[PDB]
Amino acid sequence: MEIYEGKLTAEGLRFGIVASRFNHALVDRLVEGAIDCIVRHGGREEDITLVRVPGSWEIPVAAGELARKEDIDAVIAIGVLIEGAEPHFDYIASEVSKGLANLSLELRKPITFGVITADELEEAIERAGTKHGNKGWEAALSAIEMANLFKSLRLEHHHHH
Amino acid sequence: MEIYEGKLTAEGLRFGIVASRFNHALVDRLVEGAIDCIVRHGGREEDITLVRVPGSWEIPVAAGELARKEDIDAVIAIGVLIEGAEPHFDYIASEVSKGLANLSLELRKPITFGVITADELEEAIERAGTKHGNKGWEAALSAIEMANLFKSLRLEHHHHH
Amino acid sequence: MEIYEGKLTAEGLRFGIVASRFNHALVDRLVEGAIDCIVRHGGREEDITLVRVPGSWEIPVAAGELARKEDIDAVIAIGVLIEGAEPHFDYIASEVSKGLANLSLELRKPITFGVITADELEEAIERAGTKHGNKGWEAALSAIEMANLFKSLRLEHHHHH
Amino acid sequence: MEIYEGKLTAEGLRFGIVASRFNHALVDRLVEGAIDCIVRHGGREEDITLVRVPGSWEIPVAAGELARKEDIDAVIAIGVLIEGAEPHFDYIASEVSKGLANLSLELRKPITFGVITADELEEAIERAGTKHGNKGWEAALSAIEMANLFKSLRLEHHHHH
Amino acid sequence: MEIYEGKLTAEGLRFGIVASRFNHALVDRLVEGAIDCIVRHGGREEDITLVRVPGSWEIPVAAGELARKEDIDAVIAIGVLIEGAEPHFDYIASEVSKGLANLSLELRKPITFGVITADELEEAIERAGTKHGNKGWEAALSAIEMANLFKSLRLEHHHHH
């Protein structure tokens with residue numbers, strides 16, 4: 001049997017990070033957790049690419065560009081939605097998830113979903129700020145594993161060629 | 001009438017297995033279910049491909065890779081989804097079913113949906129211990145039928161060309 | 001004005017039938033209704049193509065290959081969803097609906113939807129009587145009509161060229 | 001560790017079927033189940049042997065002779081018991097279960113038990129028409145595994161020699 | 001497919017009959033029933049062997065003798081049990097059915113169960129006068145078909161040799 005999986009070492013890897021500004025209190029907290037887990041899991045931070053955009057809606061369009069760089073191996077989606085805006089929450093939420101998924105299948109490059117949807121500010125300030133459930137921590141880690149995963153997929157992809 | 005279908009021999013076939021890690025006490029019995037059902041329906045296991053991925057989300061981006069190799073006849077999607085988060089489960093749920101469905105139409109290769117959604121860890125305990133219903137068994141078998149069917153369709157689509 | 005349309009004669013035409021097995025009692029009921037209207041309204045039964053798969057999920061990936069041979073003109077989707085499985089109902093019906101739709105767009109060849117979603121056994125009985133409500137009867141009628149329709153269009157696409 | 005188990009390929013195997021005529025409305029549905037599961041599992045139906053006997057009582061005595069042919073690998077008992085007569089049900093069920101047991105011990109050749117004791121005709125309509133719990137289907141499957149098993153026990157029975 | 005089954009001609013055959021005398025008013029009817037169904041289904045009756053024993057218990061020991069003769073092809077059990085007492089009925093009933101069962105599996109020669117257990121002499125008066133249910137007739141019939149079955153099976157058991 002052939003087994004593919006990614007270890008968690010952040011060695012030799014270049015990451016993308018896409019960051020909103022809306023609710024900057026908790027998002028800024030999230031990116032913190034992302035950078036940290038990157039560097040401590042063995043990676044260098046000069047390859048972190050952080051792109052900022054105003055709100056949740058624009059997250060997709062930006063990442064689509066970051067991935068068509070040759071030297072960003074994986075990309076970290078980062079944003080927050082909290083049911084403050086009721087007509088937009090429906091359409092911004094389902095569509096961003098949807099657009100991110102389509103981006104990855106297309107480009108064949110892992111994009112990970114680091115978006116808190118917290119139904120209130122009380123559920124938001126307790127996760128990102130109090131509990132180690134630093135959502136950016138984990139989406140960051142999952143992407144690391146994906147990076148080494150396509151390193152497994154594509155390193156064998158050249159040995160066969 | 002021209003009747004097609006799949007008999008159930010797994011002779012000479014090569015399979016894809018994508019595996020999540022989350023709630024590994026359950027996933028792993030499912031994976032076992034796929035591997036066993038294969039080899040006990042005639043197949044050999046060095047041509048099974050085993051990939052491990054973090055959670056339900058990354059299933060498509062990875063499985064799409066397994067279908068762009070030539071030497072895979074059908075890919076078996078294996079993940080579990082249990083109501084942990086109201087924000088995460090809904091969106092990622094309809095998204096995996098989507099991404100899987102679309103890849104299958106596209107790459108012209110079967111992808112099966114061996115994903116538990118057991119409304120509790122306990123309704124996953126009833127599916128593996130109370131009755132034969134080990135979903136990895138059943139969706140993997142469906143996959144065998146699809147591979148022999150597509151072999152039926154493409155062997156006759158080799159005689160008329 | 002140029003009026004395009006399809007008569008209801010089934011001569012010169014070659015058909016597709018994609019047939020599940022789940023809830024066979026109801027599905028046999030419908031496939032009989034399908035081959036019935038076909039050979040009655042002017043066809044032979046020798047160039048009907050009848051493909052069988054386990055459940056509703058595979059309906060797409062199967063029909064997708066059937067309409068990709070040269071000789072299959074219109075395809076008659078045939079399957080049953082009754083609210084037994086709770087995740088397979090919502091997602092496996094949303095994506096087969098959407099899925100078969102996008103196939104017919106792409107291939108430019110009529111695929112009809114003869115999948116009942118009858119919420120109980122008693123709508124499964126008032127359709128399963130000979131009281132015409134055999135959804136395969138009507139759906140197979142529509143694709144016959146669409147069959148000679150794309151004859152009218154594709155043949156008129158030959159006189160213009 | 002030496003693991004002995006049978007895969008499910010029905011390749012090259014020759015089978016025994018013993019089928020009563022009593023209550024044949026459902027028994028016939030069984031034999032259908034058996035022949036199918038065999039051939040769909042890679043077998044060819046020329047090597048199926050179908051024996052007919054009046055009631056339940058004769059099932060053992062005949063089967064015993066079938067397995068004393070050299071060219072029969074496994075034998076599928078098929079019959080129906082429904083509480084008709086007091087002497088019939090009690091004594092014939094106890095002695096069939098004991099009889100078929102002893103025969104397999106002595107002959108050193110598997111005999112599986114596809115006799116339903118459905119305590120009503122309606123518990124056999126719920127064994128057959130509302131589930132795919134086709135008793136002969138699975139009793140046949142177990143027999144396939146048994147044949148491959150004694151294939152395993154008897155192939156290693158000739159390499160040690 | 002090969003179907004072995006018994007036609008019903010009693011030509012060329014030789015039979016064993018073992019008869020208790022107890023409750024002779026009715027046994028006599030049964031014995032006559034057997035002789036009839038032999039002679040009228042073509043049998044000649046000088047090759048019928050009729051043995052009489054006292055009560056129910058001694059049935060098996062006697063049949064063992066008749067089946068060890070080379071020239072008897074099938075043996076008919078004939079005896080009557082009526083709940084004259086609970087001490088004898090439970091154990092002697094289980095033992096004859098048992099002893100008979102082992103006699104046939106062993107000697108490989110069909111033995112029929114022509115024992116009425118009628119819960120009163122009035123279930124035996126209803127068995128004999130209300131409907132043709134002449135149990136000796138019926139089990140004698142089954143013995144004919146079994147004789148011709150083993151004729152079929154053993155005939156092919158010499159053409160292969």
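General observations
- Scanning the stretch D:16-54 for residues that are under 18 Å from D:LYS135 (Cα atoms) and in a loop (DSSP other than H, G, I, E, B), we see that the one that is farthest from the other protein chains (Cβ to nearest Cβ) is D:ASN23.
- Among the residues making up the stretch E:101-113, those that are under 12 Å from E:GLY64 (Cβ atoms) and either of a type in the set (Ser, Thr, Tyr) or touching a helix residue (DSSP H, G or I) at 6+ places or on another chain (Cβ under 6 Å) (or both) are E:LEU103, E:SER104, E:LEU107, E:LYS109, E:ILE111.
- Filter pass, D:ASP90 being surrounded by fewer than 18 Cβ atoms within 10 Å (Cβ to Cβ), acidic (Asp, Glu), over 23 Å from D:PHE150 (Cα atoms) and within 11 Å of chain E (Cβ to nearest Cβ): yes
- The stretch D:106-124, residues that are more than 20 Å from the chain's Cα centre (by Cα) and not charged (D, E, K, R): D:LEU121
Here's the yes/no breakdown for (1) more than 17 Å from the chain's Cα centre (by Cα); (2) β-branched (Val, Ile, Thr):
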{"position": "E:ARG21", "(1), (2)": "no, no"}
{"position": "E:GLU45", "(1), (2)": "no, no"}
{"position": "E:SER56", "(1), (2)": "no, no"}
{"position": "E:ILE59", "(1), (2)": "no, yes"}
{"position": "E:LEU66", "(1), (2)": "no, no"}
{"position": "E:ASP71", "(1), (2)": "no, no"}
{"position": "E:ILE92", "(1), (2)": "yes, yes"}
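- Selection within the stretch C:65-87 - facing another protein chain (nearest Cβ under 7 Å) and over 28 Å from C:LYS7 (Cα atoms): C:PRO87
- A:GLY79 being more than 20 Å from B:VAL96 (Cβ to Cβ) and surrounded by fewer than 23 Cβ atoms within 10 Å (Cβ to Cβ): no
- The residue that is farthest from the other protein chains (Cβ to nearest Cβ), counting only those in the stretch E:109-161 that are under 16 Å from D:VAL61 (Cα atoms) and of a type in the set (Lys, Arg), is E:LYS151.
- Among residues that are in a loop (DSSP other than H, G, I, E, B) and within 14 Å of chain D (Cβ to nearest Cβ), E:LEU13 is not included.
- Restricting attention to the stretch B:32-42, the residues being free of Cβ contacts under 8 Å to residues at least 40 places away in the same chain and out of contact with any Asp or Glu (no Cβ under 7 Å at 6 or more places or on another chain) number 1.
- Within the stretch B:145-161, the set of residues being part of a helix (DSSP H, G or I) and not charged (D, E, K, R) comprises B:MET146, B:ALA147, B:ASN148, B:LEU149, B:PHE150, B:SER152, B:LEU153, B:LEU155, B:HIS157, B:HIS158, B:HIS159.
- Top-ranked residue in the stretch C:111-144 [being part of a helix (DSSP H, G or I) and among the acidic types (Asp, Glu); ranked as nearest to C:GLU5 (Cα to Cα)]: C:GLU138
- Filtered residues of the stretch A:1-27 (kept if acidic (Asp, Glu) and either touching a strand residue (DSSP E or B) at 6+ places or on another chain (Cβ under 6 Å) or surrounded by 14 or more Cβ atoms within 10 Å (Cβ to Cβ) (or both)): A:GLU2, A:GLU5
- Meets criteria (in a helix (DSSP H, G or I) and within 9 Å of chain A (Cβ to nearest Cβ)) for B:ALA62: yes
- Checking each residue in the stretch C:139-161 for being surrounded by 15 or more Cβ atoms within 10 Å (Cβ to Cβ) and of a type outside the set (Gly, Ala, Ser) picks out C:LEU141, C:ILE144, C:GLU145, C:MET146, C:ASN148, C:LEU149, C:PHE150, C:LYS151.
- Screening the candidates A:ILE78, A:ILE72 for the property of being in contact with a helix residue (DSSP H, G or I) (Cβ under 7 Å, 6 or more places away or on another chain) and part of a loop (DSSP other than H, G, I, E, B) yields one hit, A:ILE72.
- Considering each residue of the stretch D:124-140 in turn, at least one proves to be of a type in the set (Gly, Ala, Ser) and within 30 Å of E:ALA118 (Cα to Cα).
- E:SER104 being in contact with an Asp or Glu (Cβ under 8 Å, 6 or more places away or on another chain) and closer than 24 Å to E:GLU11 by Cβ: no
Where a number appears in this text, it was derived from the coordinates with a stated rule and is not lab data. Heads up, the Cβs are rebuilt from the backbone with ideal geometry, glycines too, and the neighbour counts pull from every protein chain shown.
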